[PDB]
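Residue numbers (the authors' numbering), protein chains in the order written: chain D, 12 to 425; chain B, 10 to 425; chain C, 12 to 425; chain A, 10 to 425.
Note that CB positions come from ideal geometry on N, CA and C, so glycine has one too.
The structure appears right after this line, and notes come after that.
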Ligand SMILES: Cc1cc2nc3c(=O)[nH]c(=O)nc-3n(C[C@H](O)[C@H](O)[C@H](O)COP(=O)(O)OP(=O)(O)OC[C@H]3O[C@@H](n4cnc5c(N)ncnc54)[C@H](O)[C@@H]3O)c2cc1C
Ligand SMILES: Cc1cc2nc3c(=O)[nH]c(=O)nc-3n(C[C@H](O)[C@H](O)[C@H](O)COP(=O)(O)OP(=O)(O)OC[C@H]3O[C@@H](n4cnc5c(N)ncnc54)[C@H](O)[C@@H]3O)c2cc1C
Ligand SMILES: Cc1cc2nc3c(=O)[nH]c(=O)nc-3n(C[C@H](O)[C@H](O)[C@H](O)COP(=O)(O)OP(=O)(O)OC[C@H]3O[C@@H](n4cnc5c(N)ncnc54)[C@H](O)[C@@H]3O)c2cc1C
Ligand SMILES: Cc1cc2nc3c(=O)[nH]c(=O)nc-3n(C[C@H](O)[C@H](O)[C@H](O)COP(=O)(O)OP(=O)(O)OC[C@H]3O[C@@H](n4cnc5c(N)ncnc54)[C@H](O)[C@@H]3O)c2cc1C
């Protein structure tokens, strides 16, 4: 093949839809799951995308693509009432249903296929499957995603504690407890906190929301800042000193630790409403580390330290929801071709401006996992079509889908 | 040489039909337009003015989102899609929509600008239309998209001076602001947009600003989502099947469609009035329930006699400027005179246009785009249903549904 | 006494706090309930007023009076909380709790006292209890309110059907059924429909909403039509021919049949959300009168006629909620004084511009129940302070609280 | 004449104290103000401008809603309460709040206008204060409400030409728009208000418009409700008891406080750039991460040397007009020199303001309004506080809590 995509969607899925009309390119994608499924553990009732529907799979690169969210609604017979709904943001299960509708309309996807290991023979890349099948191509696109992150204070933890990755499946058991505690900030943490707080006077549990963030940061979604999600900002950002880039990565607040401002205010309105009937058994703590964690009987003892104040405190809770983020890890299957991959000074891929990670500037491409190289655009649905069109532009020698070089009104470079 | 159909007039409705029929090789008719190029209501291109419907109400999207004439594709070609994505506004600006349609119009090859239709005949089972210049086109079908010309009350017919209908406001604005008195007659979106524009500079020119309307209130555009479901195929079929007397009642009772103002515009008009009033009394005047009964010019000044209808009292205003935002009205063009016997009429002498949007004896020969409120209610002049109607028209020009045409879209049931 | 207030709704309770600091005025108020209680039974969680908080008991006539809503929050220790909430509309239970707080701080209210008879002897009005006690004064202020209305077609039906006046207390039984129907439109009708919907997939019921109105009318509170809730419009409106005012009263819809537009929108948004999981067992019907209703088994058979189309249809549902309006009926306790009261051509009170209903034009005052003479302003909480200060103006002969003559930017009279 | 306290300066904070002290018989101080009458930041009275805090942040309400000096009472007396009720806007206009403040000061008798305090020393267990006229006022307590004068970067000290600080924009606007080039330095609400004002008329005057700021982003004002709980008594109880190094650190990192823009204003700026750009390229530049390090004037034009700090590159801009929106900063007034021995300072040389808002040896003799970010965080220059701060000051002047003082208002816990 020309290329082989490992892991499908929503970034590699978008590439599948973008190359299907290109006959000059024949690539194939292998996904481990039996069918496409997004973050199904966060499918709370009413939950919606944090980016408008134009950040779908194709539209930002080609609004005429047959796999656009608008065309999907037209086929489902739902376009007109969506027109009446007049909401830029699709609901989460609506988006999950849309990409599954797109994946099943393609012919170049092989589900139930977990790649085992990769290496490099005869200037081609060989990829091995769990079943034993082996594909080969000159290029590979890595869209394996970002596994959930667990703090080391919860390594080797036992009990029924969950990452927010699997909340919907275990809300069954959480509401039956006497006390629930959520660790970390971010959209998922607040969505879960609002969901539990909404029924706190029916199940009767205590509700704790602890985070080390100094504030409950709002998502940085004012339009002048949204212009940093731009081709010309990546051009600027990428040629900065890598330590200043790793500092901008570490300092960034709203990207992974940011809550929708509306959700923040709805949480306050709900706290106000419940507090009319009497004292609400809830706690919201900031500037608080999670240092220790142990399981006894069927309750957890968590040791926190208020870093700013310089004092420790412990809380006990039978339920434990780790709304900690996600973190990319070197996949095991790229061990035999590590010396073809280029690394930075800190131990991760130094992804090039053209989203390549190997000795040739156009060999293996990397979707996501590039905040230290492309900042907030790396895990953004709104920049999936842009990154895929540049990966296309390197697989051919041509620009099949036009690639904008300036979108913003402001200048980031000089 | 005889075509399948001839489109007379190139407004947003016929232009959308042109964009929807271009990928159909089984069809190919021709479009005749008076203007040298596509031009919308340019006399209302006020700074910041925008559409009353979301951008999906473009020429094609609601029938085919993959169409190359989408508004989104237009933004992609001009290098503006990502900035529009950040703008996060469903409503394109008026000049933005005007440039988009002109961009789509010059992408087509089926449009004849600068030709006005003079005659329409029926001969040899075909329709024969002639140009001012004498050019003659023939086709089996006709699609009339002539729009609705501006309406002028009879109290203003044959009136002297420099008074304007709101359709020419931008061209005469620099001369209006020089006057010491300006009066706006009628309600609706355009009247409020003009009032807000003049009120915003009332402090630098020093004119009086009068806004008089016959409607009992400043109606809002009825744009709540359950009422939006009345803009459905379900409601049209319900509505079309009811007695004609009940149909003509409900269009007369229609408030928000032609005489409605965007609620947000109403509230910033009030906010602006609150703002200006802090510095002292502002020379403005907002009157309701007032009909314009007579008007006369003298001294470069107008004397307009009004009657408060429900209070039963008369009064009149003296103003140097006069802006008539009295809306528009369809008049049957005389070029249809040679085939009037071929057309369907109702009790009050208007077109009894079918559910398939047909106005002739065949029920499928001559189609009519706008000017059908008494038959399809608020659907007729709505950009959000231009792709639906064009889909129905294409369905009968062909023998097949080229684009899918929805059966039901709402959660309500209007019939039983 | 100088006046006797019959009934302690928001209007008469407002008059009670506006007259407390006036020493030259000694009035007293008789309420049937043992304490103040607003429209409980519509106290849905999150429900709120339809007018901003300065439409309380005093502020629009005297922002300095100690019975303000803001002073109430200051004493409860909730002002800064309310300040951050930045919402103009208080919650229903919050307003109800506030009015009771003001009522109990007063000296002039006698709870648990139902008035049985009014009479007039030697130029005084004699008011007698059902307990047997007797009060008499020179003036009367009737704040009886407007009791629920039921469309006669449901007179003397068996079952368990309710008026929306009793929704909260019967909700636990309503959800048990498999079919619920709501008749009539308006704010609470939609407040109930949106409450039953949203849990339509946890219980098993079908949900029917049937109204006679042609639209789901929005409570249109655009600021220029809100200027019709002004003294100058009442001066205009009252001096109209009463045939025209009876036409205006009947033909405009929205005052009692209007829904909050944002409530309409989330009703649609919720319908859109539920419909993703499959067809929703709900029906929204317009233009349809309720002509007949029966009850055999635990099921209602209701005969409807869609008057616009001219066709009949019936609906069988175990549950029946009558969200119809409220209607004023002249109380029987004013029978011995009936010939001292003024009536119009249609047989109801010809209320003066000064809100009087008797021959003197300044002896008996009537709160509410004056739409045919004062239009939008009579059942409006925002005009309760205006009307009360005009009542105080006639009792004292002087304007204790300033009474605005004009407030709007437009002119209604010419 | 020996009073209880003498209040120096009459801004919103000391005026609020004047309104909360008038109904207190046990207290009678006196207020000295340089200006002939109250006047707020008039140099930023752009049309439509409004407060950043709701109207309850007036002079009294958050301490006593029944006060006769409340904003709502002011509207009632002015005959404007009902349409403000219809306006349904939490935020008074700047000109509205300014008129409201003069209306309250005129109603009091404790204010001396046109008096400038020149010297304060400590004699006979009393504070003496001397005015420019030479009049003497004596009291044991002082309340310092002199505000914060404008700040000018050292690159602009001794600069020639007609450059202005943003605090005088209204008076210089008519001459700025005449120029060919205007450049705005710094970010924040005022900087963005000025940029939007000039950008709105960029195609009528034809100037180039430059907006240069050192901040890496265009920060929105941190006004989400969970953050707004940080301006609370319990937070500054927690904040004040922190190590001074940590306090000065968090004061320095503060973004939205003085360098934050209203998010709605950011969005309407982008929308306005989108609207103007339709008509062609708009001659304006928005630069960030840029520090101004040198400036000079030659023949009516400024040449400004900037450094993109993050990128590590230099660049220069030439502009005829220079607007410095560089904020404000407190400086110890020279009239406190003879009493410097009695004032408490911290390690970096600033007032070690008590949590009771005192700055003197006795912890209750001299009180400081504003200029206390390093000890009271976002609360010190906030109109939402100041009512709270005045009640605490009155509680130290008296021995009793005259107005209730909240100790907890938030749902979240800041301390452990
Ligand atoms: C709840 C939630 C909501 C979000 N919402 C948004 C939003 O609105 N907008 C936005 O821009 N971002 C959003 N994000 C962030 C980000 O865009 C999403 O996480 C996105 O789904 C990640 O896309 P991805 O393709 O890079 O990774 P993934 O979606 O995680 O794709 C990884 C895929 O690779 C497969 N895989 C794993 N191992 C192998 C293997 N060995 N071989 C083959 N396949 C393998 C996995 O099964 C999976 O299907 C959200 C994140 C979360 C958690
Ligand atoms: C300012 C304004 C804003 C509006 N905004 C909206 C909105 O946001 N949404 C909405 O749904 N509706 C809107 N409307 C209402 C409606 O959509 C418009 O009236 C719309 O432009 C109607 O287009 P049309 O195709 O019916 O005809 P028109 O736009 O009126 O065009 C008819 C064309 O036919 C040509 N023509 C006439 N006679 C002949 C002839 N004999 N031969 C050849 N050509 C001829 C004319 O020159 C003209 O170009 C708006 C109306 C106005 C006035
Ligand atoms: C659910 C609901 C919400 C509303 N929300 C708003 C809103 O947001 N804004 C607005 O402007 N309007 C609103 N209204 C309309 C109007 O403000 C209310 O109807 C209002 O409560 C009317 O109060 P009232 O003083 O007329 O008497 P009511 O509140 O109706 O009650 C009068 C009192 O008189 C007592 N009484 C009756 N008979 C006797 C007797 N014989 N002797 C002694 N006492 C007696 C009753 O016990 C009762 O306590 C709402 C109405 C309803 C039903
Ligand atoms: C344009 C602008 C808008 C703002 N908007 C808000 C807002 O919406 N909300 C908010 O919370 N904060 C706002 N602020 C911040 C802050 O609340 C205001 O700056 C506020 O005016 C500060 O109050 P102050 O009394 O301490 O200062 P000032 O109002 O500046 O008080 C200084 C006064 O003291 C007088 N004075 C000084 N020295 C002497 C002396 N020696 N003798 C006599 N008199 C003297 C001066 O003449 C002047 O009248 C804004 C600031 C600015 C610049």
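Cβ-Cβ distance between residue i and residue j below 8 angstroms
{"i": "residue 17 of chain B", "j": "residue 155 of chain B", "result": "yes"}
{"i": "residue 260 of chain A", "j": "residue 383 of chain A", "result": "yes"}
{"i": "residue 333 of chain B", "j": "residue 320 of chain C", "result": "no"}
{"i": "residue 38 of chain B", "j": "residue 69 of chain B", "result": "no"}
{"i": "residue 275 of chain B", "j": "residue 235 of chain C", "result": "yes"}
{"i": "residue 393 of chain A", "j": "residue 157 of chain A", "result": "no"}
{"i": "residue 160 of chain A", "j": "residue 416 of chain A", "result": "no"}
Check: residue i C-beta below 7 angstroms from any heavy atom of ligand 2
{"i": "residue 399 of chain C", "result": "no"}
{"i": "residue 44 of chain B", "result": "yes"}
{"i": "residue 378 of chain B", "result": "yes"}
{"i": "residue 22 of chain B", "result": "yes"}
Distance cut-off 7 angstroms: residue i Cβ against heavy atoms of ligand 1
{"i": "residue 155 of chain D", "result": "yes"}
{"i": "residue 126 of chain D", "result": "yes"}
{"i": "residue 61 of chain D", "result": "yes"}
Residue range of the alpha helix (DSSP H) that includes residue i
{"i": "residue 317 of chain A", "result": "That residue, residue 317 of chain A, is in no alpha helix (DSSP H); its beta strand (DSSP E) goes 310-317."}
{"i": "residue 87 of chain C", "result": "80-87"}
DSSP bridge partner residues for residue i (one or two, in chain order)
{"i": "residue 293 of chain D", "result": "D:218"}
{"i": "residue 102 of chain C", "result": "C:59"}
{"i": "residue 198 of chain B", "result": "In DSSP, residue 198 of chain B forms no bridge with anything."}
{"i": "residue 426 of chain C", "result": "Beyond the ends of chain C as shown, which are 12 and 425, falls residue 426 of chain C; an answer cannot be given."}
Host beta strand (DSSP E) of residue i (start-end)
{"i": "residue 376 of chain D", "result": "375-377"}
heavy atom of ligand 3 below 7 angstroms from residue i C-beta
{"i": "residue 49 of chain C", "result": "yes"}
{"i": "residue 53 of chain C", "result": "yes"}
**Chain-ordered residues of the region 99-119 of chain D with a beta carbon less than 8 angstroms from chain C** = 102, 104, 105, 108
**Residues of the region 205-228 of chain D whose Cβ lies closer than 9 angstroms to any Cβ of chain C, in chain order** = none
**Residues within the region 333-354 of chain D neighbouring chain B, beta-carbon criterion of under 9 angstroms** = Residues of the region 333-354 of chain D with a Cβ closer than 9 angstroms to any Cβ of chain B: none.
**Prompt:** Taking Cβ-Cβ distances below 7 angstroms as the criterion, which residues of the region 57-72 of chain D are in contact with chain B?
**Reply:** 63, 65, 70, 71
**Message:** Which residues of the region 176-188 of chain C have a Cβ closer than 7 angstroms to any Cβ of chain B? Give them in chain order.
**Reply:** none
**Asked** Relative to chain A, which residues along the region 85-96 of chain B have a C-beta separation below 9 angstroms, given in chain order?
**Response** 89, 92, 93, 95, 96
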